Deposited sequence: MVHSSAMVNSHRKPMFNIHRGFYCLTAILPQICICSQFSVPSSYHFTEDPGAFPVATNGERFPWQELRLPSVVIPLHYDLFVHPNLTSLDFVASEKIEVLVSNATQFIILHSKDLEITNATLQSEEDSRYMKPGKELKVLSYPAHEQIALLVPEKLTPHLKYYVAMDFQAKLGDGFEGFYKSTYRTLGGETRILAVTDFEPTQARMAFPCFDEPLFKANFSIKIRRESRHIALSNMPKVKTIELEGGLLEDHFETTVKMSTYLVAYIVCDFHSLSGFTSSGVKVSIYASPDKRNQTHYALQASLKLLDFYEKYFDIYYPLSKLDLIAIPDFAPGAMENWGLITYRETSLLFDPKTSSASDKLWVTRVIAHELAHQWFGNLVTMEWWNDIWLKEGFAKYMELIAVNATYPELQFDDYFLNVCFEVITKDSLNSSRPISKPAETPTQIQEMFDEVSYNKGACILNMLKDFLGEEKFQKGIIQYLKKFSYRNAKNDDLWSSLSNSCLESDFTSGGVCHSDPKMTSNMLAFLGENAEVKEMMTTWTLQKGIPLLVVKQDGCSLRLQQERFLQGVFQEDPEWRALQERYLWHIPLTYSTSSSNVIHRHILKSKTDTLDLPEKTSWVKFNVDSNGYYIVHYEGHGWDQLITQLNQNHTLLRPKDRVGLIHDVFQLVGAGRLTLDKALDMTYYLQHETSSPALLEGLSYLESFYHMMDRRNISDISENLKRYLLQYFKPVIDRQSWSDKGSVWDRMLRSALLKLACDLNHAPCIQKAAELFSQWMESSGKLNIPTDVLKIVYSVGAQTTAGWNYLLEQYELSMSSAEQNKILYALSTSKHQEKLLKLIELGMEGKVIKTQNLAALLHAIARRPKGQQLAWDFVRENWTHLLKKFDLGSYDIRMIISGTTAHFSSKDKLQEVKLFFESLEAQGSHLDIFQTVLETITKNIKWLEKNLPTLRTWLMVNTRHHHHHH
């Protein structure tokens, strides 16, 4: 099949031909920011493998207007190509008159043009507000995975690595940025200038970046002499201080850790006003949402600091994992994403131990397990075809699970030997691609006995879901049963590395497991045992017999006799098994008693988090009797810890997190004191007019409480357009959405659609925010459902925005009716809409919810009433 105008397409696969091979791109881009469009040309040094009559590469929404091929030897300079477009595959065919010669280089060259992108992809247009209120424009590129083809025609696959030499024409008012340092700038006739950037090292197309803006920067040098710069709106340079501080510390770390220098001479980090992704690891020119990069001490909280540190860590980890060593294809995207996600941990634990990220890491794995316990889940490494399916590859499986199995592997292998694996892997594939298999070979190959580790992880990456390790203890015998953990299978089996402890010795006994079942002995008929120490392994464990009761009991007495991460694990698993049917809800609720003793914030916040969830499920239905006793059990129990909370910014990171956590809970639950203090602080802030200062850690709590009055809601909204801290704006918007008036919420949404006051990039989260609230769950469903067509103009399905707009408004549903409506809406989508994997997940999720209610609801009712007694 073929098009556009009659004829044919010499090639049919959406994968590209391996015959033509790019070695270098001379790229010239001439953008106009008043005209809001660009004009550009390129010259690709090709190498022909087998002889051909046609050249196939990617192009999209690019008006190509002059195709030639030149002869370094064949012919002279030169000859003209016939250009053939085929949109349904985002390809174009270049037709040669004289068949090409194997083993000879050529130069494809063309002139193309288009308008600057209209939303977050390819070479698009963004704006921002200045302190004076001036609206300003920049042109920025975002290409992963398949948008480079919208900027310049090219062999747009991660394998087709090449060097890139980029030139940009610009006005005097702007600067031009790109992957590589600027070699020279040359004055042109009509007063124009032309930046010439140093040729890039070999790199995939999705990492090519360029920006013309009037931004401001702060610069510094790492030990190995790299110039790191933080670019941002001129009026925001003050917020770039931490980023620079962290940037250097991290790049340094990574160089030492990977034993590989950052190749380039400079690394820029730039804060983009309108930025869809969280950030992008463009080699040498990493782009960020302002909330991912900018920090303001007067307005950015403790967790904020931890956020931007984390995301900075993530992106620098990419320069090695992803940039230097790139996956062959988007099926193995996890090799880039899972590792970056993991290095966040390592790199931040190393350079910033005081941020206590180590205790926050289990959340990563927990978050994904929620979805990995559904049938509709998928294996880390899975096939991907159409762009949409490639986009879909970016999720908590590729990221969280990916990072979580490595953390398992590292534990199995010890830091050093694991580290050695990664030094070798990155070195072995520098400036080239790699495949899932390639990795495991290097991680296990750090006499004559061998690491078959490959066998082990290969199953971890190739099969969906998470294992449930059952354990029976008849005296000194332990039955070991493995299952596919499900939320209430046949064929699954993992080589799952076991860990455990006895009540006797806190000494850690390791072990393996490769068969459907085995058994182990116990050198002491002991009280309890605790499998999976610190939850370092990607599996759930359920104790048969008195195992669950003894372990719980232990916590009720000397709770300190169990590792804190062991606690967090017990707490996490106990409730998961309730949803699995392997436990009865009151046993979980009966564990949350020792939380009166618990001082380790991680564990205390984990337990509390579940009780807080139940409240919100109850509160989302009109289940008043339960939701209320639930409220009054949190206010009475935990009254000690709640009352110790200062409305300040003092103590450690976990101190500050605990405070914000607790204080939010109280104000959520309408605790008289709490809501009177926040109302006070707020009224002061307003009646003083910004002059007074709310501690950052309560900034959101305060704004949200002040949001309840219409005077406050209007002030907060008006102060939303005036703020120069996007982190504050973030908190104001959340507060704006804790309102009870449908029109106030509706307005926020409508303003979001418009994307003038509230940037488009925030629509997904905003919609999500509103939906969680009882007063707003219907409104959102209505909206998404009704305006779905206009939503698909703005976003891709499945862009994270759309995927998130969907689940954000439905996943929390828990009634048969809603399941019908949603089931029926996903149906409607059966056209340009259908299909997305998210459809399944959501449905399986809404059903998991209904069943949890039926299987466990009344139990909640009486465990709570049993307490009110």
Deposited-sequence segments unaccounted for in the coordinates: 1-53, 127-129, 503-527, 570-580, 962-967
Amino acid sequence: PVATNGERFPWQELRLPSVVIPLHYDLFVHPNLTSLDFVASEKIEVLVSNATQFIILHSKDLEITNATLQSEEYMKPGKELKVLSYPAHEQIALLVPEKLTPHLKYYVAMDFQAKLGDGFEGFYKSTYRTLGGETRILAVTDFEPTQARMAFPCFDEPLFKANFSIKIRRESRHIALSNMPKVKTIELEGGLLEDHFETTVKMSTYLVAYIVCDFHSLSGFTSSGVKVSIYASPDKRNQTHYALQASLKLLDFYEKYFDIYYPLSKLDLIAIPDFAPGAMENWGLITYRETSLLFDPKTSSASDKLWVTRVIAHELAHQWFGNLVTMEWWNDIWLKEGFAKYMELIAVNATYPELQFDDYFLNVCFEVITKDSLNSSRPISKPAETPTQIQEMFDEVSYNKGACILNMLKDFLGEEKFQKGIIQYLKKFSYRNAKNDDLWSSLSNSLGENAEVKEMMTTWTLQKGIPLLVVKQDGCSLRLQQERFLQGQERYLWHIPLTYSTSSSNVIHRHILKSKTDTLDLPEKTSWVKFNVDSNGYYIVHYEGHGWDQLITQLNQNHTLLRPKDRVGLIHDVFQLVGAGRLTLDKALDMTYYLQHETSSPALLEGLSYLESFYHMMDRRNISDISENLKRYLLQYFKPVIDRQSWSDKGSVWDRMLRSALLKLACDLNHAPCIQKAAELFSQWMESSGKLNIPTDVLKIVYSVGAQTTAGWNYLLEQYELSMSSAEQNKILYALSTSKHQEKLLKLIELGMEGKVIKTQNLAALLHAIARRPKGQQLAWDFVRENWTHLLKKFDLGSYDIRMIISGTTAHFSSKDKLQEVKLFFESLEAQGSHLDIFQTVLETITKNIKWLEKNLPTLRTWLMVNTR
From here on, numbers count along this sequence of modelled residues.
Mean C-alpha B-factor comparison - 92-100 and 710-718, higher one: 92-100
472-480 or 725-733, whichever carries the higher mean Cα B-factor: 472-480
Member of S178, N407, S503, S300 with the greatest C-alpha B factor (per the PDB record): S503
Residue selected from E121, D619, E415, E328 by maximal Cα B factor: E415
Chain-wide C-alpha B factor ranking for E827, given as lowest, middle or highest third: highest
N50, C-alpha B-factor rank within chain (lowest, middle or highest third): highest
Position of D649 among the chain's modelled residues by C-alpha B-factor, lowest, middle or highest third: highest
Where the record places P387 (Cα B-factor, split into thirds across the chain): middle
Entry-reported Cα temperature factor of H768, expressed as the chain third it lands in: lowest
